[PDB]
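Notes to accompany the following structure.
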Amino acid sequence: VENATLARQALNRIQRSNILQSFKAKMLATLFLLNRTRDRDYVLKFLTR
Amino acid sequence: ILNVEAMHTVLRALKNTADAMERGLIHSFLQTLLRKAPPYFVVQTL
Amino acid sequence: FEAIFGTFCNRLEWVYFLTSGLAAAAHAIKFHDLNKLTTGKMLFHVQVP
Amino acid sequence: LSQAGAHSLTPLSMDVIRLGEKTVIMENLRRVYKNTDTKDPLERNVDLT
C-alpha cells in the first residue's frame, strides 16, 4: 500500500528494488511492537495503518 | 440471456466511461494547477 | 470413619461459532449436499477504474 | 465571466482549517485514485545532483 501497485499491474525493475529496500527497512523497523516501545499514539497509528 | 448480458455490459461500460471521464477531468485540472504553481521558496522570496 | 464430601463435576463453559467475533470475520452459509461437489469456483465481475 | 453559477447551491461536508483569518479547505485524493492505472500527479519525482 506504500507503493501504488496491485496484482494486475506489471512491475519494473527499480520499482521492485524499492519494494525490496522497503522490505529490508520495515522488517527491522517494525518487527516487534510491545517489545520495543509503549507509546500510545504509535500503537494507535499502527492499528490505523 | 445474451441480450441481458449485452445490455448489462454496455451499461456498465458507459457508466465506467462517464466516471473515468470525470476522473480524467480532475486529473487534467490538477495537472494544469501543478504546472502553473511555483514552489514555496519562489513566492516566499518574492 | 472417614468423610466423603460433595463430589464436584466440571460444569463445562459452552461456546458457539456465531457468538464470538470471528463470525463477524466471515459470511457463513449452510449447504446441504457439500460432499457432492467436485469443485466450485466463484467468479468476480470486477470493473477497474 | 462571473455571470455563471447563480441561484445554485448545495451543502456538502469537507474539512476546513483556520490559519490567521485564512480558512482553507483540506482534502486528499486517495479516494479518487485507489484502484486506478495512472499515478497521482501529486506523487512527483524530484531530482537532486
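Lettering and numbering for the C-alpha cells are positional, with chains as A, B, ... in the shown order, residues counted from 1 in each chain, and ligands counted from 1 in the shown order.
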Check: which chain B residues lie within 12 Å of chain C using only C-alpha atoms, as an MDAnalysis selection string: chainID B and resid 5 8:9 12:24
For chain D, work out the contacting residues on chain A at 10 Å, counting only C-alpha atoms, and write them as an mmCIF file with C-alpha atoms, in the first residue's frame.
```
data_model
loop_
_atom_site.group_PDB
_atom_site.id
_atom_site.type_symbol
_atom_site.label_atom_id
_atom_site.label_comp_id
_atom_site.auth_asym_id
_atom_site.auth_seq_id
_atom_site.Cartn_x
_atom_site.Cartn_y
_atom_site.Cartn_z
ATOM 1 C CA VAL A 1 0.000 0.000 0.000
ATOM 2 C CA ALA A 4 0.943 2.154 -5.723
ATOM 3 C CA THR A 5 0.705 -1.373 -7.115
ATOM 4 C CA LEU A 6 -1.872 -4.131 -7.493
ATOM 5 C CA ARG A 8 -2.832 -6.903 -12.319
ATOM 6 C CA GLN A 9 -0.219 -4.130 -12.558
#
```
Pairwise distance for atom CA of residue 27 of chain D and atom CA of residue 13 of chain D, rounded to one decimal in Å: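 Computing it gives 10.9 Å between the two atoms.
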Interface, chain B side, toward chain D (9 Å; only C-alpha atoms) as a VMD selection string: chain B and resid 23 26 to 27 30 to 31 34
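Picture a line from atom CA of residue 32 of chain B to atom CA of residue 8 of chain D; it runs 26.2 Å.
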